[PDB]
Amino acid sequence: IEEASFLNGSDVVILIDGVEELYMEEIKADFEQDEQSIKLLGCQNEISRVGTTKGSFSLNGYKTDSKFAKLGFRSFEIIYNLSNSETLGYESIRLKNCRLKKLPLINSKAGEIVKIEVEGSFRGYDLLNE
Amino acid sequence: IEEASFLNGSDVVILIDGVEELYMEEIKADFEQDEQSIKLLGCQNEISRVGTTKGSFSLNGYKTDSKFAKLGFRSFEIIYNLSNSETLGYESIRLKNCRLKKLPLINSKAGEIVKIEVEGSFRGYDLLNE
Amino acid sequence: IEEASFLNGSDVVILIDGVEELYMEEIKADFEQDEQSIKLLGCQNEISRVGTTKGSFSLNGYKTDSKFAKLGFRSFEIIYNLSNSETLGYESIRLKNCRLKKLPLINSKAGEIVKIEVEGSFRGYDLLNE
Amino acid sequence: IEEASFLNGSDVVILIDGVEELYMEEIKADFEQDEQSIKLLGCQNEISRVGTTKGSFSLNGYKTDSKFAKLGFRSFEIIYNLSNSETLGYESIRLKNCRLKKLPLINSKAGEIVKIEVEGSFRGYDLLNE
Amino acid sequence: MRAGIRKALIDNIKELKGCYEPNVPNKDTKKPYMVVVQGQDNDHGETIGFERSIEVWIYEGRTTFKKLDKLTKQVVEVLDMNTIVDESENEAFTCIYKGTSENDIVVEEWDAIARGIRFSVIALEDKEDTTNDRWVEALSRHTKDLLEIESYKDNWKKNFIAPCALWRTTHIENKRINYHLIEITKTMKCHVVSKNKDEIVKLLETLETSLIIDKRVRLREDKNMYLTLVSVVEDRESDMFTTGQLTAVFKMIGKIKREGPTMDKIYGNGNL
Amino acid sequence: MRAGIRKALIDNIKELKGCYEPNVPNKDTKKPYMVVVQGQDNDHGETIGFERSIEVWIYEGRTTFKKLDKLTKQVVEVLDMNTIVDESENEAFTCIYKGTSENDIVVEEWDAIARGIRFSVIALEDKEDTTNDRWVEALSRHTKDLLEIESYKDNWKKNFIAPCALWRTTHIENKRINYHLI
Amino acid sequence: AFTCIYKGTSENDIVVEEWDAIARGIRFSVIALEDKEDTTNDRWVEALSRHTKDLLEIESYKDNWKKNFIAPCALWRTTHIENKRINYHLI
């Protein structure tokens, strides 16, 4: 029964705009395409093509400062280091030209910890490592 | 193990139109912007721009008077002081020209406490402190 | 009370692009069709037609490497061997020209295992065995 | 308190294309009709008419073979016998020209039994017995 | 059963001068000597059946108690879980060390020091080691083949040979999941008895791993049937004999065996 | 029930010299002999009813305890769940083996070794074997037809013939699911 | 060796007049008489006992107490085990 390993999600290390981010607890990012379905005469099955790509991302965490509200809609990079511990092969991804969809100015409930939620769009990505 | 701190959401102090509001339970406010995605004629990844911004907010709390029903759709300011107590760096945000989207005249179930819910839109904000 | 058997879902062996995939937890695949509902001029019963077929598929599993993120939108085959153990009649299905809809670059919550989700579309299939 | 009898749902016998089907759990089938609401020019209440009909059906069960994947989008009959053991008056329904909306090629989670789901449309029905 | 314990103690312990029944020895008996008092038989559930209590009272010449401690350790080593064969009744058994009498008593009139070791015996009535539970038979066979130890099927037997395993069924659920199909779910708990606790740990570990890897078990050598595992769980704290450590839930799907008549001959006629 | 147990023990066991009541036998009695002490009757719920306790004390001539072990096995085999008919009362019963006395006692003045086997009897007060629960009657009939063993419906009866099967009802719920349906 | 554990005291403080003395009974106990190994086939328990010993510089006794335990110490028994086949290849 040779060893295996799951990448625990608490190994994430998110660097938002060159400064490490400590309080984020969840990060999502995808690189959507447009399907561009096409019918051809004499060919019953549809055909797909790449279309134009479109990034999107999301973040959740605890509010520790007003970094995001001060950031505005400026372009900024995100780097995501998912380290593995059984073997040291960290998977590092860089997101290029991220831009917030909306500034989470206020999001607070009386009884709970003040959490911050963010989502936006990034023009492209660089898979730095794997 | 060096100290950290979470901003508990019971430190919020909301001033609606210059008079402190003390029965609110949660407050939400975001600064949406239309993405205005543009598909360039030669490049195969979408591009986004800031577009036009539009604020939106929302509050819930316990009913204590007819403040909101009497307020109508008048423009009014909202301040929001999220004090931190481990370190005294309160985060203060002002919302300019808030306007109720719908005037909550009546909302009351028989066996429960009469809570008030509000939603609207604000033209702009001023990050007074952080 | 003669024998019967259910095909337990932990018997699947998913080969993505000719290399076996060990960490997949769930796989779905369907072969849609546009119905092309036709309402004849005299008959009250609607009539259907085959129309054009359109494959779609999805995958869930644990993240072990950056296989999918590096795969991009390239075409690739998926083979799926659902073995039965009471009797050895494994059901084998092949998917042709599969294409990821979106690269799952990042999806990682703090306190949980880092699962990968994939969905896309495939042009056709070959029922290799049954 | 004279006797009464519900119809237990485990009395169903489903004959898909003339060969009995053993592993189906639930079967659903309805006979739609476009309402064709007509607002007369003088009368205040709306009036509706029969319009044109359209059959739809669904099935769920345990995967025991690749019958449905083999079947494709072919036309096939379904007969459904619901016996009442306490009175022996089985209610039998026959569906004509059923057509799968999508081939359920693969649907399998790791830790669970491999279930098959099917849905489609049928041109018409015959109430064989009641 | 007295004869078996007496014979074992005499054969294996050489400091012992004699082993007697309760009120046999007189005042000129040579010490140290032992006395085999037989206690209650109580019903202790389905897994243990009737449990008997025994006491092996040691007696010594009141020189010092250290000799009595040594002799107590000798008796416990001799009888604890070692299978004993009773030639008189021609039936075996296996004593289980339970403990020791209330205090170490001194008896001045006899001029002796005594201590009572407390044993017990399991499943007095059970004398078959067979089961009509086909699932239990299949899993006991599987455990024996995998593990190369004895595997008792329905309940403990008095002459169990440690290390051993047991595969009783604790709970059964039946469901008619369909018109033609039925589903039979059994929660089968397993014991692993052995003198060496680390051996119990190893045996349970390998049994769990084998059950998980080969996720189903052949119900019979004919095949045609299988027992798909659902969940295997070990509670190491649980009692070795009464409860059992490993808990496994198996299920199996069966089809109704309808063998009605056949449409051998078909005819039809016509009119207008 | 003393007569039934005594008669059964005498008939089936031949090493027995006699079976007596508690303080009957004198010191001239020939061993081994047995003594039938009748214990409490306690209410043990609806399914069992009143449960009686019996002890069959064996006595032996202090030769060796192995004789007493053999005799105890014989008694347990004779009485354990074998239906006994008491001709005096003309009412049967079925003793259930339950255990054994606290220790194997030696009684020096009598010059004997004694052991007390412990039985019990179920549902003393029940004398009908009938039920107004139509469901229980239906299922007991079904079990009897399917299984070819007795079925005893509401509660145990003292003269139950093993193998058997009871079909008591433990819980009832009624609902008016509709205006017309319950 | 062994390690007595204080447990209490006799019922009352008794005065024995004929002996002309006052007596009290202190009540001790000793743990794990039959254990003689200090070893375990549970690899997990061995790993965590080793980790605790390295971190903490005290003894660690793995599966069960031993009669001559040197206080302070730290035992690392396993109380409950669950196995799952999460996949065709993984457990």
# chains A, B, ... in the order shown; residues from 1 in each chain; ligands from 1
>>> select_by_dssp(residues="range 2-129 of chain D", states="helix (DSSP H, G or I)", output="list in words")
residues 9, 10, 11, 67, 68, 69, 70 and 71 of chain D
>>> closest_atom_pairs(of="chain G", to="chain C", cutoff="9 Å", atoms="only C-alpha atoms", output="JSON lines")
{"residue": "G:85", "atom": "CA", "partner": "C:10", "partner_atom": "CA", "distance": 7.7}
{"residue": "G:86", "atom": "CA", "partner": "C:10", "partner_atom": "CA", "distance": 7.4}
{"residue": "G:87", "atom": "CA", "partner": "C:10", "partner_atom": "CA", "distance": 5.2}
{"residue": "G:88", "atom": "CA", "partner": "C:10", "partner_atom": "CA", "distance": 4.9}
{"residue": "G:89", "atom": "CA", "partner": "C:22", "partner_atom": "CA", "distance": 6.1}
{"residue": "G:90", "atom": "CA", "partner": "C:23", "partner_atom": "CA", "distance": 7.5}
>>> interface_residues(of="chain A", to="chain B", cutoff="6 Å", atoms="only C-alpha atoms", output="ChimeraX atom specification")
/A:52-54,66,102-114
>>> write_last_selection(atoms="N, CA, C and O atoms", output="PDB file, in the first residue's frame")
ATOM      1  N   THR A  52     -12.795  32.865 -27.390  1.00  0.00           N
ATOM      2  CA  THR A  52     -11.960  33.807 -26.658  1.00  0.00           C
ATOM      3  C   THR A  52     -12.043  33.513 -25.168  1.00  0.00           C
ATOM      4  O   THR A  52     -13.128  33.287 -24.627  1.00  0.00           O
ATOM      5  N   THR A  53     -10.888  33.505 -24.512  1.00  0.00           N
ATOM      6  CA  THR A  53     -10.823  33.150 -23.107  1.00  0.00           C
ATOM      7  C   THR A  53     -11.252  34.324 -22.238  1.00  0.00           C
ATOM      8  O   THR A  53     -11.323  35.469 -22.686  1.00  0.00           O
ATOM      9  N   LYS A  54     -11.531  34.025 -20.971  1.00  0.00           N
ATOM     10  CA  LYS A  54     -11.990  35.044 -20.031  1.00  0.00           C
ATOM     11  C   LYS A  54     -11.749  34.516 -18.625  1.00  0.00           C
ATOM     12  O   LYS A  54     -12.354  33.515 -18.234  1.00  0.00           O
ATOM     13  N   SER A  66      -8.308  47.546   5.320  1.00  0.00           N
ATOM     14  CA  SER A  66      -9.048  48.068   4.175  1.00  0.00           C
ATOM     15  C   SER A  66      -8.206  48.028   2.911  1.00  0.00           C
ATOM     16  O   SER A  66      -8.252  48.954   2.099  1.00  0.00           O
ATOM     17  N   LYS A 102     -16.162  44.345  -7.761  1.00  0.00           N
ATOM     18  CA  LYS A 102     -16.841  45.267  -6.866  1.00  0.00           C
ATOM     19  C   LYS A 102     -16.040  45.382  -5.582  1.00  0.00           C
ATOM     20  O   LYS A 102     -15.508  44.391  -5.079  1.00  0.00           O
ATOM     21  N   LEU A 103     -15.972  46.597  -5.054  1.00  0.00           N
ATOM     22  CA  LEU A 103     -15.240  46.844  -3.824  1.00  0.00           C
ATOM     23  C   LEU A 103     -16.097  46.414  -2.642  1.00  0.00           C
ATOM     24  O   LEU A 103     -17.167  46.998  -2.433  1.00  0.00           O
ATOM     25  N   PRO A 104     -15.686  45.422  -1.841  1.00  0.00           N
ATOM     26  CA  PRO A 104     -16.520  45.103  -0.668  1.00  0.00           C
ATOM     27  C   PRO A 104     -16.283  46.103   0.459  1.00  0.00           C
ATOM     28  O   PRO A 104     -15.535  45.875   1.404  1.00  0.00           O
ATOM     29  N   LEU A 105     -16.934  47.260   0.341  1.00  0.00           N
ATOM     30  CA  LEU A 105     -16.724  48.328   1.311  1.00  0.00           C
ATOM     31  C   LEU A 105     -17.167  47.901   2.701  1.00  0.00           C
ATOM     32  O   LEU A 105     -16.406  48.012   3.668  1.00  0.00           O
ATOM     33  N   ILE A 106     -18.397  47.411   2.818  1.00  0.00           N
ATOM     34  CA  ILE A 106     -18.986  47.035   4.096  1.00  0.00           C
ATOM     35  C   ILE A 106     -19.652  45.683   3.926  1.00  0.00           C
ATOM     36  O   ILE A 106     -20.466  45.498   3.017  1.00  0.00           O
ATOM     37  N   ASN A 107     -19.304  44.739   4.795  1.00  0.00           N
ATOM     38  CA  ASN A 107     -20.030  43.476   4.868  1.00  0.00           C
ATOM     39  C   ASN A 107     -19.811  42.949   6.282  1.00  0.00           C
ATOM     40  O   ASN A 107     -18.759  42.378   6.572  1.00  0.00           O
ATOM     41  N   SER A 108     -20.804  43.145   7.142  1.00  0.00           N
ATOM     42  CA  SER A 108     -20.627  42.932   8.567  1.00  0.00           C
ATOM     43  C   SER A 108     -21.958  42.580   9.201  1.00  0.00           C
ATOM     44  O   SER A 108     -22.960  43.253   8.956  1.00  0.00           O
ATOM     45  N   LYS A 109     -21.956  41.529  10.017  1.00  0.00           N
ATOM     46  CA  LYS A 109     -23.120  41.109  10.782  1.00  0.00           C
ATOM     47  C   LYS A 109     -22.784  41.219  12.258  1.00  0.00           C
ATOM     48  O   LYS A 109     -21.625  41.062  12.642  1.00  0.00           O
ATOM     49  N   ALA A 110     -23.800  41.484  13.080  1.00  0.00           N
ATOM     50  CA  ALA A 110     -23.554  41.871  14.466  1.00  0.00           C
ATOM     51  C   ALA A 110     -22.826  40.785  15.246  1.00  0.00           C
ATOM     52  O   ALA A 110     -21.872  41.074  15.975  1.00  0.00           O
ATOM     53  N   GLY A 111     -23.251  39.538  15.107  1.00  0.00           N
ATOM     54  CA  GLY A 111     -22.726  38.473  15.931  1.00  0.00           C
ATOM     55  C   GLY A 111     -21.491  37.769  15.424  1.00  0.00           C
ATOM     56  O   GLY A 111     -20.853  37.054  16.201  1.00  0.00           O
ATOM     57  N   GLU A 112     -21.111  37.958  14.164  1.00  0.00           N
ATOM     58  CA  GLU A 112     -20.101  37.139  13.510  1.00  0.00           C
ATOM     59  C   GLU A 112     -18.822  37.936  13.304  1.00  0.00           C
ATOM     60  O   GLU A 112     -18.779  39.153  13.488  1.00  0.00           O
ATOM     61  N   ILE A 113     -17.766  37.217  12.921  1.00  0.00           N
ATOM     62  CA  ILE A 113     -16.531  37.862  12.505  1.00  0.00           C
ATOM     63  C   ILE A 113     -16.757  38.529  11.155  1.00  0.00           C
ATOM     64  O   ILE A 113     -17.495  38.023  10.301  1.00  0.00           O
ATOM     65  N   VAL A 114     -16.118  39.677  10.956  1.00  0.00           N
ATOM     66  CA  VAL A 114     -16.311  40.455   9.738  1.00  0.00           C
ATOM     67  C   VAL A 114     -15.469  39.818   8.640  1.00  0.00           C
ATOM     68  O   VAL A 114     -14.247  39.976   8.611  1.00  0.00           O
TER      69      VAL A 114
END
>>> residues_around(residues="residue 39 in chain F", least_positions_apart="4", cutoff="8 Å", atoms="only C-alpha atoms", output="VMD selection string")
chain F and resid 52 to 55
>>> interface_residues(of="chain E", to="chain A", cutoff="12 Å", atoms="only C-alpha atoms", output="number ranges by chain")
E: 206, 209-210, 212-213
>>> atom_distance(atom1="CA of residue 56 in chain F", atom2="CA of residue 35 in chain F")
5.5 Å
>>> decode(residues="range 13-39 of chain C", atoms="N, CA and C atoms", output="short mmCIF file (atom, residue, chain, number, x, y, z; two decimals), in the first residue's frame")
data_model
loop_
_atom_site.label_atom_id
_atom_site.label_comp_id
_atom_site.auth_asym_id
_atom_site.auth_seq_id
_atom_site.Cartn_x
_atom_site.Cartn_y
_atom_site.Cartn_z
N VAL C 13 -12.17 3.05 -13.68
CA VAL C 13 -10.78 3.34 -13.98
C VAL C 13 -10.78 4.31 -15.15
N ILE C 14 -10.41 5.56 -14.90
CA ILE C 14 -10.53 6.64 -15.86
C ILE C 14 -9.15 6.93 -16.43
N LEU C 15 -9.00 6.73 -17.73
CA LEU C 15 -7.76 7.04 -18.44
C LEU C 15 -7.97 8.34 -19.20
N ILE C 16 -7.26 9.38 -18.80
CA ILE C 16 -7.34 10.69 -19.45
C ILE C 16 -6.13 10.84 -20.35
N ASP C 17 -6.36 10.82 -21.66
CA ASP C 17 -5.31 11.03 -22.65
C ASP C 17 -4.25 9.93 -22.56
N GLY C 18 -4.68 8.70 -22.32
CA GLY C 18 -3.80 7.56 -22.38
C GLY C 18 -3.01 7.27 -21.13
N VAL C 19 -3.10 8.11 -20.10
CA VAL C 19 -2.43 7.88 -18.82
C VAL C 19 -3.51 7.76 -17.75
N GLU C 20 -3.43 6.70 -16.96
CA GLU C 20 -4.46 6.42 -15.97
C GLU C 20 -4.53 7.52 -14.93
N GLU C 21 -5.75 7.86 -14.53
CA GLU C 21 -6.01 8.90 -13.54
C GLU C 21 -6.48 8.23 -12.25
N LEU C 22 -5.76 8.48 -11.16
CA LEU C 22 -5.93 7.72 -9.93
C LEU C 22 -6.87 8.40 -8.94
N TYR C 23 -6.98 9.72 -8.98
CA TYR C 23 -7.62 10.49 -7.92
C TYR C 23 -9.03 10.94 -8.26
N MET C 24 -9.60 10.50 -9.38
CA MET C 24 -10.95 10.91 -9.72
C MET C 24 -11.94 10.30 -8.75
N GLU C 25 -12.92 11.10 -8.34
CA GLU C 25 -13.97 10.69 -7.42
C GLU C 25 -15.32 10.51 -8.11
N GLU C 26 -15.60 11.31 -9.14
CA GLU C 26 -16.88 11.27 -9.81
C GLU C 26 -16.68 11.62 -11.27
N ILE C 27 -17.43 10.96 -12.14
CA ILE C 27 -17.40 11.22 -13.58
C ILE C 27 -18.82 11.17 -14.11
N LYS C 28 -19.16 12.14 -14.96
CA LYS C 28 -20.44 12.20 -15.64
C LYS C 28 -20.20 12.46 -17.11
N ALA C 29 -21.07 11.89 -17.95
CA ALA C 29 -20.99 12.13 -19.38
C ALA C 29 -22.34 11.83 -20.00
N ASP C 30 -22.81 12.74 -20.84
CA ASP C 30 -24.09 12.60 -21.53
C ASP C 30 -23.92 13.03 -22.97
N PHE C 31 -24.83 12.56 -23.82
CA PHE C 31 -24.83 12.84 -25.25
C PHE C 31 -26.17 13.49 -25.57
N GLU C 32 -26.20 14.82 -25.52
CA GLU C 32 -27.43 15.58 -25.70
C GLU C 32 -27.95 15.42 -27.12
N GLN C 33 -29.10 16.03 -27.39
CA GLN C 33 -29.54 16.29 -28.75
C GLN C 33 -30.45 17.50 -28.73
N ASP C 34 -30.41 18.31 -29.78
CA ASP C 34 -31.48 19.27 -30.00
C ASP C 34 -32.69 18.51 -30.51
N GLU C 35 -33.84 18.72 -29.86
CA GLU C 35 -35.00 17.89 -30.18
C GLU C 35 -35.59 18.24 -31.54
N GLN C 36 -35.61 19.52 -31.89
CA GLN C 36 -36.29 19.98 -33.10
C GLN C 36 -37.75 19.54 -33.09
N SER C 37 -38.50 20.07 -32.13
CA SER C 37 -39.92 19.78 -32.06
C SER C 37 -40.63 20.36 -33.28
N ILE C 38 -41.41 19.52 -33.96
CA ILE C 38 -42.09 19.89 -35.19
C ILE C 38 -43.59 19.72 -34.96
N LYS C 39 -44.35 20.78 -35.21
CA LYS C 39 -45.80 20.77 -35.06
C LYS C 39 -46.39 20.72 -36.46
#
